[PDB]
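An overview of the molecular structure
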Protein chains: 2
Amino acid sequence: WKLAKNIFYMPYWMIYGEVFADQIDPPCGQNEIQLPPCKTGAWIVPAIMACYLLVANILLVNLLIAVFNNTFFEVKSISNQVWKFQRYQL
Amino acid sequence: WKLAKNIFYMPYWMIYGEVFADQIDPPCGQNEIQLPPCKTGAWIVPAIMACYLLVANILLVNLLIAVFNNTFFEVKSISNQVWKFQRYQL
Ligand SMILES: CC(C)CCC[C@@H](C)[C@H]1CC[C@H]2[C@@H]3CC=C4C[C@@H](OC(=O)CCC(=O)O)CC[C@]4(C)[C@H]3CC[C@]12C
Ligand SMILES: CC(C)CCC[C@@H](C)[C@H]1CC[C@H]2[C@@H]3CC=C4C[C@@H](OC(=O)CCC(=O)O)CC[C@]4(C)[C@H]3CC[C@]12C
Ligand SMILES: CC(C)CCC[C@@H](C)[C@H]1CC[C@H]2[C@@H]3CC=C4C[C@@H](OC(=O)CCC(=O)O)CC[C@]4(C)[C@H]3CC[C@]12C
């Protein structure tokens, strides 16, 4: 079950300004002490990290900003009128 | 080819809240153990870092917020009508 935890753990905190910079692309397959060998296709992980961070943090958050902004006025008027209606129930 | 990787590595993650604070301006050219000597013009790197972070994070992201916001209504109406058209194809 730790695999399912590792699916959601670091990509979720990646949205809130913690990119885990020590684990983006650690040096491996060299001697600095002998490092463990390079996993195959481990260079893909920073690239899809870049695409994910771009899509999430720039596209979806700003789109939710636009959604919150362009539906603010109708929701504000409806909420004011509904609160004035629910004053009687209170 | 590691030079081309180093071009894109840290400035890209600099947008998402990871400024790499240990490598902004490390102490050098002193004894704390003898540090390696100061590179010439290494003080320029935090200044252009400051200008880059300002321009990127404050100018361009907020401008994309404005672009997403002011074209939201036309895109929303067009997308609703296009989805209602593509219901038949589905
Ligand atoms: C659909 C949207 C609106 C809500 C989000 C729901 C899911 C994305 C959440 C809710 C329940 C969550 C699960 C609740 C419990 C666990 C057990 C957890 O197990 C461990 O951590 C085992 C311990 C370990 O070995 O570390 C792994 C994550 C997981 C599957 C969670 C994965 C994410 C889930 C499916
Ligand atoms: C302006 C923005 C919207 C896009 C520009 C950013 C990307 C084009 C950059 C940022 C991070 C970069 C990646 C950072 C690290 C790597 C790992 C690198 O692989 C290795 O170095 C091998 C393994 C190792 O030596 O540790 C291959 C390039 C790649 C995928 C880079 C490809 C280009 C990326 C995706
Ligand atoms: C134009 C916009 C819309 C898209 C962005 C495209 C480029 C900015 C990307 C796409 C392909 C990328 C290249 C794909 C592969 C590599 C090899 C990579 O090589 C290594 O990492 C060598 C291993 C090492 O020594 O660390 C260095 C980055 C580089 C040149 C990447 C640099 C960034 C590039 C040019």
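Here, the structure is the one placed above.
So, on to the overall build of chain A. Secondary structure summary: chain A contains 3 helices and 0 strands in total. If you list the helices and strands of chain A from N to C, you get α-α-α. Here the C-alpha radius of gyration of chain A, 23 Å, is well above what a compact globule of 90 residues would show, namely 12 Å. Each of the three principal axes of chain A carries a C-alpha extent, and together these read 75 × 30 × 20 Å.

Residue and element names in this part refer to chain B. As a matter of local geometry, ligand 3 sits amid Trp1, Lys2, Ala4, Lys5 and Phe8. Protein chains bury 28% of the 750 Å² of accessible surface belonging to ligand 3 in isolation. For the shell around ligand 3, the class distribution of residues is 3 nonpolar, no polar and 2 charged.

Here the focus is the site of ligand 1. The local shell around ligand 1 consists of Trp1, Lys2, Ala4, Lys5 and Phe8 of chain A. A per-class count over the shell around ligand 1 returns 3 nonpolar, no polar and 2 charged.

Let us now look at the pattern of salt bridges. Under the counting rule described, the total for this entry stands at 1 salt bridge over all chains. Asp25 of chain A serves as the salt-bridge partner of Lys5 of chain B, at 2.9 Å between the closest nitrogen and oxygen. Placement of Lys5 of chain B in helix α1 (residues 2–13) and of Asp25 of chain A in the loop between α1 (2–13) and α2 (44–70) is noted, with the two residues assigned to different chains.

Turning our eyes to something else, we now look at the interface of chain B and chain A. Facing the 14 residues of chain B at the interface are 20 residues of chain A. Interface area, chain B with chain A, both sides summed: about 1600 Å², of which 69% is carbon and sulfur. Sorting the residues of chain B by area buried against chain A places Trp13, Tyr16 and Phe72 of chain B first, and these three jointly supply 37% of that buried surface. Connecting chain B to chain A are 4 residue pairs in polar contact. Elements that contribute at least two residues to the side of chain B that touches chain A include exactly α1 and α2 (44–70) of chain B. For the side of chain B that touches chain A, the element with the most residues is α2 of chain B, which contributes 5 residues.

Cut-offs applied
Residues numbered from 1 in each chain as written, not as in the entry; some residues may be left out. Chains lettered and ligands numbered in written order. Part of a larger assembly, values for the part shown. Heavy atoms only, no water. Residues with missing side-chain atoms left out of burial classes, pairs and counts. Helix = DSSP H or I, 4+ residues; strand = E, 2+ residues; numbered from the N terminus. Rg over C-alpha atoms; globule rule 2.2 N^0.38 Å. Near = heavy atom within 4 Å. Areas by Shrake-Rupley, 256 points an atom, 1.4 Å probe, with all protein chains shown as cover. Nonpolar A, V, L, I, M, F, W, Y, C, P; charged D, E, K, R; others polar. Salt bridge = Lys/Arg side-chain N within 4 Å of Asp/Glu carboxyl O. Contact = heavy atoms within 4.5 Å. Buried area = accessible area lost by both parts, 1.4 Å probe. Polar contact = N/O pair within 3.5 Å; in protein donor to acceptor, adjacent residues only side chain to side chain.

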